[PDB]
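Asker: I would like to see how this sequence folds:
(chains A, B, C, D and E, ligands or ions: 14)
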Amino acid sequence: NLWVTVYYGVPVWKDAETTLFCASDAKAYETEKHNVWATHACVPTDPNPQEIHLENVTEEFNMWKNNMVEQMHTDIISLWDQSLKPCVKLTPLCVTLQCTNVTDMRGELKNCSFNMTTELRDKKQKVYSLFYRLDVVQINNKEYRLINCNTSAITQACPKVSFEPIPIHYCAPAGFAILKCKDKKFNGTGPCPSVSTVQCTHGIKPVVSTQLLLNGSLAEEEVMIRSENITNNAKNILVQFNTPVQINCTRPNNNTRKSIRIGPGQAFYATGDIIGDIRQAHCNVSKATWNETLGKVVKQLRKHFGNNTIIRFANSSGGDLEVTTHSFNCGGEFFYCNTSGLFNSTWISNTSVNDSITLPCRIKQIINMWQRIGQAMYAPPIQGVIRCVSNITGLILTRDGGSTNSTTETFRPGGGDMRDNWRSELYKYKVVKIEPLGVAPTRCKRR
Amino acid sequence: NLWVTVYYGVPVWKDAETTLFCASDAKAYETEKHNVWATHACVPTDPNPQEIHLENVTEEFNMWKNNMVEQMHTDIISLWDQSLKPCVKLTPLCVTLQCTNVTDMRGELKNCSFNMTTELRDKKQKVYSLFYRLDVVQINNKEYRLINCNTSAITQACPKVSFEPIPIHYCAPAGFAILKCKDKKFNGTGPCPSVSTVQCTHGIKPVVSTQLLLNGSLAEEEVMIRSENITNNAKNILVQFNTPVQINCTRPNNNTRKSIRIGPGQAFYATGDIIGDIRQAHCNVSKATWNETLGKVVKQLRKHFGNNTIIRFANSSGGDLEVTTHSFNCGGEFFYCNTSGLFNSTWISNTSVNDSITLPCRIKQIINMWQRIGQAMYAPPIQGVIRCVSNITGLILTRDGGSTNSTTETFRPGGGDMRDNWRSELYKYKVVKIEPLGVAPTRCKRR
Amino acid sequence: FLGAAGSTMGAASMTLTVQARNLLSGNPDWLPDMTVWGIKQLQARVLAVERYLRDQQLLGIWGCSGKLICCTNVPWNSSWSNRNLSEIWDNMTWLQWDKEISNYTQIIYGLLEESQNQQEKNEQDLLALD
Amino acid sequence: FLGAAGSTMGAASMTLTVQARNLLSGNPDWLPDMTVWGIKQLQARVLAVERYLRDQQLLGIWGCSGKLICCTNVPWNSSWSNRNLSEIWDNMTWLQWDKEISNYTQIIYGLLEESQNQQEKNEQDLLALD
Amino acid sequence: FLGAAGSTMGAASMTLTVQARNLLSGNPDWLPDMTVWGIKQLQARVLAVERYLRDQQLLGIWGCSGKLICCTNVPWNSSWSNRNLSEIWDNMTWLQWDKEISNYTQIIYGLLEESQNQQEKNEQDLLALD
Ligand SMILES: *[C@@H]1O[C@H](CO)[C@@H](O[C@@H]2O[C@H](CO)[C@@H](O[C@@H]3O[C@H](CO[C@H]4O[C@H](CO[C@H]5O[C@H](CO)[C@@H](O)[C@H](O)[C@@H]5O)[C@@H](O)[C@H](O[C@H]5O[C@H](CO)[C@@H](O)[C@H](O)[C@@H]5O)[C@@H]4O)[C@@H](O)[C@H](O[C@H]4O[C@H](CO)[C@@H](O)[C@H](O)[C@@H]4O[C@H]4O[C@H](CO)[C@@H](O)[C@H](O)[C@@H]4O)[C@@H]3O)[C@H](O)[C@H]2NC(C)=O)[C@H](O)[C@H]1NC(C)=O
Ligand SMILES: *[C@@H]1O[C@H](CO)[C@@H](O[C@@H]2O[C@H](CO)[C@@H](O[C@@H]3O[C@H](CO[C@H]4O[C@H](CO[C@H]5O[C@H](CO)[C@@H](O)[C@H](O)[C@@H]5O)[C@@H](O)[C@H](O[C@H]5O[C@H](CO)[C@@H](O)[C@H](O)[C@@H]5O)[C@@H]4O)[C@@H](O)[C@H](O[C@H]4O[C@H](CO)[C@@H](O)[C@H](O)[C@@H]4O[C@H]4O[C@H](CO)[C@@H](O)[C@H](O)[C@@H]4O)[C@@H]3O)[C@H](O)[C@H]2NC(C)=O)[C@H](O)[C@H]1NC(C)=O
Ligand SMILES: *[C@@H]1O[C@H](CO)[C@@H](O[C@@H]2O[C@H](CO)[C@@H](O[C@@H]3O[C@H](CO)[C@@H](O)[C@H](O[C@H]4O[C@H](CO)[C@@H](O)[C@H](O)[C@@H]4O[C@H]4O[C@H](CO)[C@@H](O)[C@H](O)[C@@H]4O)[C@@H]3O)[C@H](O)[C@H]2NC(C)=O)[C@H](O)[C@H]1NC(C)=O
Ligand SMILES: *[C@@H]1O[C@H](CO)[C@@H](O[C@@H]2O[C@H](CO)[C@@H](O[C@@H]3O[C@H](CO)[C@@H](O)[C@H](O[C@H]4O[C@H](CO)[C@@H](O)[C@H](O)[C@@H]4O[C@H]4O[C@H](CO)[C@@H](O)[C@H](O)[C@@H]4O)[C@@H]3O)[C@H](O)[C@H]2NC(C)=O)[C@H](O)[C@H]1NC(C)=O
Ligand SMILES: *[C@@H]1O[C@H](CO)[C@@H](O[C@@H]2O[C@H](CO)[C@@H](O[C@@H]3O[C@H](CO[C@H]4O[C@H](CO)[C@@H](O)[C@H](O)[C@@H]4O)[C@@H](O)[C@H](O[C@H]4O[C@H](CO)[C@@H](O)[C@H](O)[C@@H]4O)[C@@H]3O)[C@H](O)[C@H]2NC(C)=O)[C@H](O)[C@H]1NC(C)=O
Ligand SMILES: *[C@@H]1O[C@H](CO)[C@@H](O[C@@H]2O[C@H](CO)[C@@H](O[C@@H]3O[C@H](CO[C@H]4O[C@H](CO)[C@@H](O)[C@H](O)[C@@H]4O)[C@@H](O)[C@H](O[C@H]4O[C@H](CO)[C@@H](O)[C@H](O)[C@@H]4O)[C@@H]3O)[C@H](O)[C@H]2NC(C)=O)[C@H](O)[C@H]1NC(C)=O
Ligand SMILES: *[C@@H]1O[C@H](CO)[C@@H](O[C@@H]2O[C@H](CO)[C@@H](O[C@@H]3O[C@H](CO)[C@@H](O)[C@H](O)[C@@H]3O)[C@H](O)[C@H]2NC(C)=O)[C@H](O)[C@H]1NC(C)=O
Ligand SMILES: *[C@@H]1O[C@H](CO)[C@@H](O[C@@H]2O[C@H](CO)[C@@H](O[C@@H]3O[C@H](CO)[C@@H](O)[C@H](O)[C@@H]3O)[C@H](O)[C@H]2NC(C)=O)[C@H](O)[C@H]1NC(C)=O
Ligand SMILES: *[C@@H]1O[C@H](CO)[C@@H](O[C@@H]2O[C@H](CO)[C@@H](O)[C@H](O)[C@H]2NC(C)=O)[C@H](O)[C@H]1NC(C)=O
Ligand SMILES: *[C@@H]1O[C@H](CO)[C@@H](O[C@@H]2O[C@H](CO)[C@@H](O)[C@H](O)[C@H]2NC(C)=O)[C@H](O)[C@H]1NC(C)=O
Ligand SMILES: *[C@@H]1O[C@H](CO)[C@@H](O[C@@H]2O[C@H](CO)[C@@H](O)[C@H](O)[C@H]2NC(C)=O)[C@H](O)[C@H]1NC(C)=O
Ligand SMILES: *[C@@H]1O[C@H](CO)[C@@H](O)[C@H](O)[C@H]1NC(C)=O
Ligand SMILES: *[C@@H]1O[C@H](CO)[C@@H](O)[C@H](O)[C@H]1NC(C)=O
Ligand SMILES: *[C@@H]1O[C@H](CO)[C@@H](O)[C@H](O)[C@H]1NC(C)=O
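Answerer: Residues are numbered from 1 along each chain as shown, chains lettered A, B, ... in the order given. Ligands and ions are numbered 1, 2, ... in the order given. Below is the structure in question.
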């Protein structure tokens, strides 16, 4: 009896992948400071982002299969190179370094004398600088060299731009949509009872860190435990905190900028003498706040590893510095902190057997993150003492393979892949494409 | 009774801003000479530009609020960098210069000996060149250096391309329109009785000059006087001439090109010895023609400053060379002329109390215009004597602040902002966006 | 080309086609482009087609589905420019017209997409069945 | 915005207009772009208009020629989801609906462009002559 | 696909739909692009959509407002290819046909946009009022 009829705009979608753009909230642009991080031409965010809750809908999510992570990961990487392209390349810094021990703590800093090319190509320049032990390597008084020269080339980051993370909303173009999981407890896998849609994702700060998720999103009620394959010890375990952890990372060295001239037109910023406290970089964590969280977190692992079992914590096993330490950026400088003091504990079924704690941190200006070869970035010196306060919102953890599985299990800080850091904020999001065209049988026919 | 009805294409527009492109008249492309100025991919101009006169229409214009100026100003700037990018960079020219006085007029030219890198990286090259006093600065026989080396880097303009200004029509994309003011007397502010529309603006030659508008558009009937804020002495005063003023600027030095080889593959063009008249660059203005204009112009100022008053003229007060002199380009070289001789006069109410006049001009190859730091352009030497004839179509003027306002007023040549130069041709133009959609009540309804 | 903008709305209906033509399509058209100033001749014409399809959606979702003029079942409210018919077309101009309707412009828009093509096409489906 | 996706097809017909709107047009709209990350904000929106005109061809070449809903002379085959009318709109959902028709989807498409607007317009030409 | 180009105009009307399809939409479609040779795979497809909307304006502003075939009230002038009906469709081919009309092509175009949809829609407005 009936007849076919074309309906346009029916609620039908399929899971797919597209190219997502950013959103800066149109305030980051007023923050200026010559293109901070991403925001330059960055899409300002709709003042009123729209979130529509879909009733009577259940959708299955997988955060580990999420494509927004891979795009974001490649975005930061592509973003990094574009920042270093217009800046000043440090290529003729491979000159011999004659170094000596700084005036305590086994001479971590080296005072190095070397020859340099001036604006003119005729006469050289005899000048000295100050490099960390991590930035230099001796070759056989004490003679050193740049640590990256044998591996690759090097370029200096511009002092105008800042590495300051700013909120970035990922949005989808026309024909696409972004799904948001509104449940309080979600491990990133399984069906999602309450699903809402948004044009733009929430504020996401691209904070690059290791062993500690900084400035991230808090969980709801109970703390969350996420892992790709849990019984598998080869897979990292992502944790989401309820309450934020106060962390202080400072640069207890009050410095000055040389701004030496290697012209014509170019000026390099050398690290001058340190005026102030003679100290190594340090990281503070309040003993009461970390413990309280630990007691709550260690109980969540027993929802899997069993009601009663012994959970012991320990510092990093070994590997690259990026893996073994907490790597991040504060005030433009890159800190590498020793977390061994926090991870020293042993817990009972519900319990573990002072007013403050500190963590030794190391500073490295010349870095290759993401296993990049051919390009090394030099972090420019900062005037004065740098102080920063951030939230610790989560961790990257790995389980040991030694078993004795039915006895006890030990967990250690993870590292490596930075996608996990983005999976922390993107677990509730996935990309689907909308299929508007539809057909239905009805009597109307046509004349 | 009636019913609403959608009308499409109704004559309704709103003032707005868009991105405008160029037009080259499709002849400039046949002029070739490897991308002269702008025209490379430049839009050829419609052989028949369309100008439609709108009857019974009055629109209010402001030339100082015009956005076509800001775009054009940023265009020339962006155009300038793209021309210097593929060319040869002069970076290792900062070598010490041993200079001596040329064989009259207090030794304006310096014969400089210096060391240079050859195609090979082994042996240097002992060679001499000839630089103007303005291009070099001594540092403490006579030893000199490049004047830009302490400030910035430097790059040479390619001899293939030419700086020759070519007519450029600014046009608007679909959805936009360009308004043209057809009145004979318009100061750039107030209502415009007769308004016509065009797809493309008229022929506009991007001639960059100071204290003198060269190769511009003539006024109609009376000469025109334009100022942003007139009683305000801080605002420049733009003047539009009726009859064009004959001006001659020549390079009375017959030169040769060295074309030295700083390989591999690169060749620099040095300034060789001068064969011919021993002279300084000079600018000619006919005494009769300048005066006649002056008598007509000085009367227009009395339509504001009052019927009777004393108007005295004087040369530039002081400042940067770009401000204090007339800066332009002829034959590829950049002249800086001394206008002090023309601006020496004193006028009565209608009058002022030989066959020719001349103006001392200075030449500078290394220039930073538009207050640019980090990039300095070297103007390549030209074979033979350069001669050029242009029209003087207008001025940039400033009024003194010293008052004694009710007594007399003195005017001096302005400078600085190059937007004023573009405001001279764009005063009759502004950008609006068309809004085609409209609704009107009618009986037709629908079945 | 806009010649009747100063003229009355009644006279402005004759040249309506001219505005539709020139406005609609604008191609110079030049293939050549370069990294800088090629992106400038792109950004302008890309915004042209984005602004265009924006207008076309309204023409389709409303009771038009066709260009130039089309009518609708929305009754003209008295509160919306209460006027004389000869006071609109014969004595008044479009720029002068759009000036007053500015307050009711968004209201009328709702009557076209919702009150008509949402409720009209559904009405049509119910009337085309029998 | 997709709110009735969980609801029945009968209820999903009321908010149909909302999906048409938001889906159709998406301009942020920002002119600024750069050599890298400018090509990223381009590649996305260019694919948007390519996917769009792809859909629009079907609307035109079929018996619609207009947006939202339009009907046709193609009889509904029993072999295609043999069902109850109240079992479709009242008891069933679109996602659940498109799930079954997946096999006959390409067949129906042929009936719209070939069996109708190819044979209908030609039929119209023969019926409009007299 | 163009198969009837050699065949007569009468036979060329059957496969008309095929030409409409393939011509209309052409997406490879590949997202990847680079600074050079990415601008080459752009410049081609951008000119494709510019040439396309150019054609679509004529379809709308004329008496069609729909694709494939549509008719009009413009009478065929004798001075325009005075011929036999069987001498056109049955005995003649399109390429051979467009060859002769080349002189009157621009004239006919005027009759569609001006003589019809300018004067027809206005006529419709006057006939829809009563
Ligand atoms: C995510 O991570 C998790 C963990 O972190 C991963 O889980 C891992 O999954 C793999 C599967 O790929 C498992 O390996 C498979 O194990 C099964 C089962 O083996 C257990 O049971 C056997 C039988 O048990 C019954 O019978 C006895 C006797 O009556 C009873 O007492 C019992 O109570 C039970 O009732 C038993 O034989 C097994 O013991 C043997 O193996 C273990 C493990 O190596 C040894 O320690 C023992 O000493 C002993 O040797 C075990 O207890 C096996 O059946 C699978 O074998 C298949 O695959 C082999 C390749 O790995 C292949 O060589 C075999 O031939 C066999 O393939 C056969 O079966 C196929 C399917 O039918 C046929 O197609 C095929 O042709 C052939 O016939 C396999 O070894 C891991 O155990 C499991 N991890 C852990 C810790 O348990 C998961 O994979 C990850 N996933 C992702 C997506 O990341
Ligand atoms: C373009 O350029 C032009 C010029 O090139 C610019 O024009 C300039 O515009 C500014 C306005 O921003 C003017 O300043 C303002 O002047 C007025 C008027 O001042 C004059 O008259 C006063 C009264 O005159 C009458 O009364 C006497 C007594 O009976 C009679 O004899 C007279 O004949 C008159 O009838 C008089 O008091 C003034 O003299 C004082 O000021 C001058 C100038 O500084 C001194 O030389 C004198 O010695 C004497 O001190 C003068 O003669 C003032 O009223 C304005 O003051 C307001 O703004 C001040 C900030 O500048 C602020 O501190 C004051 O409190 C005051 O604000 C009051 O009024 C506001 C408005 O009602 C209130 O909101 C506010 O709360 C407060 O109550 C101001 O000083 C410039 O004079 C003028 N330039 C010239 C050369 O005249 C123009 O701005 C430019 N525009 C653009 C877009 O570029
Ligand atoms: C990382 O760094 C951050 C920032 O430094 C740390 O967070 C801060 O922690 C401190 C101490 O834990 C805390 O300081 C107190 O804040 C109170 C308000 O919240 C203040 O009222 C208080 O000031 C009193 O004490 C000071 C020291 O004793 C006095 O110098 C001061 O004058 C105050 O005394 C007054 O008040 C008393 C009555 O209470 C009155 O009798 C007196 O007359 C006088 O009026 C402290 O300064 C900061 O508030 C914290 N900051 C934030 C942002 O939370 C964090 O602990 C660090 N983490 C680690 C691991 O080190
Ligand atoms: C900037 O430079 C420009 C260009 O040089 C200047 O503009 C030129 O100005 C000159 C003089 O002011 C002018 O030259 C005259 O042009 C006339 C035509 O317009 C010529 O007829 C004339 O030639 C006669 O005079 C010459 C010198 O006396 C002789 O050499 C020549 O043979 C001519 O004589 C003949 O004619 C007489 C009768 O008149 C006859 O009896 C003789 O037998 C013989 O046949 C001049 O050359 C140029 O025309 C101007 N050029 C332009 C383009 O306008 C400008 O003045 C300069 N400005 C400044 C400030 O210096
Ligand atoms: C995790 O999140 C925390 C909190 O958001 C981040 O901490 C931020 O750290 C940045 C520095 O990297 C801070 O930026 C600083 O802002 C200070 C305050 O600026 C206001 O006040 C001044 C007046 O003093 C106003 O003029 C100004 O407009 C602002 O309203 C500045 O004083 C700072 O400048 C000084 O410090 C920097 C280095 O820190 C030096 O380079 C400067 O030269 C100068 O000495 C600086 O601009 C920011 O304010 C901090 N957040 C908050 C809320 O305070 C962590 O950095 C982040 N973690 C990571 C890894 O990014
Ligand atoms: C204001 O406007 C005036 C007038 O438009 C400009 O003056 C122009 O100056 C340029 C030079 O910058 C002139 O270009 C010159 O054209 C001459 C004539 O070319 C014709 O004749 C030759 C035969 O001789 C033909 O083969 C050719 O196809 C043309 O038909 C050339 O002879 C010139 O070459 C010589 O001079 C230049 C430097 O001037 C040298 O570099 C060359 O190597 C060679 O020695 C040159 O090509 C142009 O002709 C002038 N205009 C007019 C109308 O003559 C002003 O420059 C302008 N002001 C500013 C600031 O731009
Ligand atoms: C590690 O976490 C434990 C909680 O599991 C912390 O124990 C806390 O210890 C303080 C004392 O230092 C307790 O405060 C006490 O409160 C009672 C009741 O008001 C009062 O009688 C005592 O005089 C004292 O003030 C606190 O209650 C207790 N926490 C809980 C949950 O009971 C411990 O402080 C943490 N580690 C560190 C660094 O102390
Ligand atoms: C400055 O401008 C004035 C005009 O305001 C110029 O005065 C001009 O002087 C010439 C003489 O050199 C005048 O020509 C004369 O013409 C009369 C009448 O034909 C004749 O009798 C004389 O023998 C002589 O030929 C000219 O008329 C006069 N201008 C005007 C408008 O009257 C003056 O020349 C200019 N400055 C210079 C450089 O001379
Ligand atoms: C790092 O070593 C340099 C020398 O290579 C020190 O600079 C010298 O400082 C002394 C002060 O005791 C001066 O008398 C010399 O003239 C300095 N020489 C040069 C070349 O600068 C420098 O002081 C050392 N580090 C610091 C600043 O503590
Ligand atoms: C990070 O912290 C741990 C724990 O304090 C440090 O381990 C010490 O290592 C030294 C040798 O380098 C031993 O002499 C100490 O006995 C160790 N301490 C303890 C408590 O066992 C470690 O050195 C720190 N830093 C690094 C880079 O390893
Ligand atoms: C520009 O022209 C003026 C006017 O001729 C020059 O002023 C002369 O300056 C010198 C000193 O440099 C004095 O000795 C002369 O007496 C001045 N001339 C007059 C007429 O007063 C000026 O030097 C010229 N150039 C520059 C660069 O200033
Ligand atoms: C300087 O300190 C280092 C420790 O890193 C030590 O190995 C070296 O022997 C010291 N040099 C001198 C001269 O004491
Ligand atoms: C060369 O001329 C300059 C004038 O610029 C003068 O200062 C200098 O003393 C002269 N040198 C000699 C050696 O005469
Ligand atoms: C319905 O479909 C079957 C098989 O798909 C076919 O045999 C039959 O002819 C079709 N009927 C109509 C009316 O299309």
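Asker: Could you pull up phi and psi at whatever residue of chain A ends up closest to chain B?
Answerer: Nearest residue of chain A to chain B: residue A:265, at 3.0 Å (C-beta to the nearest C-beta). Using the backbone N, CA and C atoms, a C-beta is placed for each residue, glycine as well. Here is the backbone geometry of residue A:265 (degrees, to the nearest 10): phi 90, psi -20.
Asker: Next: the one 3 residues further on.
Answerer: With angles defined as degrees, to the nearest 10, residue A:268 sits at phi -100, psi 140.
Asker: roughly how far apart are it and chain E?
Answerer: Distance, residue A:268 to chain E, by C-beta to the nearest C-beta, to the nearest Å: 30 Å.
Asker: give the contact list for that residue.
Answerer: Contact analysis of residue A:268 by C-beta atoms under 8 Å, 6 or more residues apart in numbering or on different chains lists A:88, A:90, A:156, A:258, A:259, A:260, A:261, A:262.
Asker: So which bits of the stretch 51-200 of chain A are right by ligand 12?
Answerer: A:101, A:106, A:107 (C-beta under 6 Å from any ligand atom).
Asker: Just give me the closest of those to residue A:228.
Answerer: residue A:106 (41.2 Å; C-beta to C-beta).
Asker: any idea how far ligand 9 is from the closest one?
Answerer: 18 Å (C-beta to the nearest ligand atom, to the nearest Å).
Asker: How many residues are close by that residue?
Answerer: 6 (other C-beta atoms under 10 Å in any protein chain shown).
Asker: likewise residue A:267?
Answerer: The tally of other residues near residue A:267 (other C-beta under 10 Å) stands at 12.
Asker: got the phi/psi numbers for it?
Answerer: Backbone torsions of residue A:267, given as degrees, to the nearest 10, read phi -140, psi 120.
Asker: what bridges to it?
Answerer: Beta-bridge pairing of residue A:267 under DSSP bridges involves residue A:261.
Asker: Give me the helices and strands touching the longest helix along chain C, please.
Answerer: Identified as the longest helix of chain C according to DSSP state H is helix C:40-61. If you count contacts as 3 or more C-beta pairs under 8 Å, 6 or more residues apart in numbering or on different chains; DSSP states H and E, helix C:40-61 packs onto helix C:105-112, helix D:16-24.
Asker: what's the angle between the first one and helix C:40-61?
Answerer: Per axes from the mean of the first three to the mean of the last three C-alpha atoms, to 10 degrees, the angle that helix C:105-112 makes with helix C:40-61 is 50 degrees.
Asker: wait, doesn't residue A:64 sit right on residue A:423?
Answerer: Yes - counting by C-beta atoms under 8 Å, residue A:64 touches residue A:423, with 6.9 Å between them.
Asker: overlap in contacts of these two?
Answerer: Common contacts of residue A:64 and residue A:423 (C-beta under 8 Å, 6+ apart): residue A:188.
Asker: Compare those two and say which is more crowded by neighbours.
Answerer: Set side by side, residue A:64 and residue A:423 show more neighbours around residue A:423, with 22 against 17, by other C-beta under 10 Å.
Asker: doesn't that one fall inside a helix?
Answerer: Yes - under the criterion used here (DSSP: H, G, I helix; E, B strand; the rest coil), residue A:423 sits inside a helix.
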